[PDB]
Amino acid sequence: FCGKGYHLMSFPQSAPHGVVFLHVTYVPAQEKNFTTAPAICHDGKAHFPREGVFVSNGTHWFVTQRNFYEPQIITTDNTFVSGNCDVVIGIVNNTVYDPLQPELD
Amino acid sequence: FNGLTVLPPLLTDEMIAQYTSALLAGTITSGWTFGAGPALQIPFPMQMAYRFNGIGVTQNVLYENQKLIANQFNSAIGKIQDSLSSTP
């Protein structure tokens, strides 16, 4: 509606019998391949990402927001749990670190 | 006729169907991304999970009912053609 791409803002400019809108849009580029899974199975319970996707780079699993590559360690802060890990299809296995354990306060 | 004509259309039916097939293939394999720039492929179950979050239902609801959801979608698409043909 306001230009091709994810819309950020627009500036108007007068013309003799109409208007000229200068739409400013954000467009992604330089994409890359990754392997992913819908959930992680740890301790018999399934973990899902709060926001983003589980992205694997060949050997390690990470969480990353969907629209821009910024990998993070999978922790209890960015995932939520739901039931045992046998109903979801394509679940994979990996360690879900809890930041409270290493501190051991 | 007596001076009238019916000039033919620039896009033939075949080319319009080709455009439509292009849009369907794009939406099935890449979701929204192909409309905002470079088409990025994403598995169809995860794309539907994205959309479920979009309407405010957590995505685990989709992963636990994938079979049921697919069956309901197939039945609806099957009844569409019969409905269009029987409706006068």
# chains A, B, ... in the order shown; residues from 1 in each chain; ligands from 1
>>> interface_residues(of="chain B", to="chain A", cutoff="8 Å", atoms="only C-alpha atoms", output="list in words")
residues 35, 36, 37, 38, 40, 46, 60, 63 and 64 of chain B
>>> write_last_selection(atoms="N, CA and C atoms", output="compact mmCIF listing (two decimals), in the first residue's frame")
# COMPACT_ATOMS: atom_id res chain seq x y z
N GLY B 35 6.83 -11.38 -1.38
CA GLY B 35 6.14 -10.15 -1.71
C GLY B 35 6.89 -8.93 -1.24
N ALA B 36 7.85 -9.11 -0.36
CA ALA B 36 8.65 -8.03 0.19
C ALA B 36 10.05 -7.96 -0.39
N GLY B 37 10.46 -8.95 -1.17
CA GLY B 37 11.78 -8.98 -1.75
C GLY B 37 12.17 -10.37 -2.20
N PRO B 38 13.37 -10.82 -1.88
CA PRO B 38 13.81 -12.15 -2.33
C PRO B 38 13.02 -13.26 -1.67
N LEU B 40 12.30 -16.39 0.20
CA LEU B 40 12.99 -17.26 1.13
C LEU B 40 12.11 -18.47 1.45
N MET B 46 5.77 -24.94 9.36
CA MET B 46 6.18 -23.75 10.09
C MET B 46 5.56 -22.49 9.56
N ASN B 60 2.18 -23.98 19.43
CA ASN B 60 2.11 -25.38 19.83
C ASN B 60 0.74 -25.98 19.51
N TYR B 63 1.22 -27.57 16.20
CA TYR B 63 2.02 -28.77 16.08
C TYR B 63 1.38 -29.99 16.68
N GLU B 64 0.43 -29.81 17.56
CA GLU B 64 -0.25 -30.92 18.20
C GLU B 64 -1.50 -31.35 17.46
>>> atom_distance(atom1="atom CA of residue 47 of chain B", atom2="atom CA of residue 43 of chain A")
27.1 Å
>>> atom_distance(atom1="atom CA of residue 50 of chain B", atom2="atom CA of residue 72 of chain B")
18.7 Å
>>> atom_distance(atom1="atom CA of residue 92 of chain A", atom2="atom CA of residue 54 of chain A")
10.3 Å
>>> select_by_dssp(residues="chain B", states="helix (DSSP H, G or I)", output="number ranges by chain")
B: 13-30, 33-36, 44-54, 60-63, 66-86
>>> closest_residue(among="A:22, A:44, A:2, A:78", to="residue 65 of chain A", atoms="only C-alpha atoms")
A:78
>>> residues_around(residues="residue 61 of chain B", least_positions_apart="3", cutoff="10 Å", atoms="only C-alpha atoms", output="PDB file with C-alpha atoms, in the first residue's frame")
ATOM      1  CA  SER A  82       4.353 -27.737  26.393  1.00  0.00           C
TER       2      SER A  82
ATOM      3  CA  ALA B  49       2.530 -21.962  12.624  1.00  0.00           C
ATOM      4  CA  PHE B  52      -1.413 -19.151  13.817  1.00  0.00           C
ATOM      5  CA  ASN B  53       0.656 -16.825  15.997  1.00  0.00           C
ATOM      6  CA  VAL B  57      -3.062 -18.646  19.117  1.00  0.00           C
ATOM      7  CA  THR B  58       0.232 -20.109  20.252  1.00  0.00           C
ATOM      8  CA  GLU B  64      -0.252 -30.922  18.202  1.00  0.00           C
ATOM      9  CA  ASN B  65      -3.087 -30.960  15.697  1.00  0.00           C
ATOM     10  CA  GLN B  66      -1.241 -31.090  12.404  1.00  0.00           C
TER      11      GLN B  66
END
>>> residues_around(residues="segment 98-102 of chain A", least_positions_apart="6", cutoff="12 Å", atoms="only C-alpha atoms", output="PyMOL selection string")
chain A and resi 42+73-79
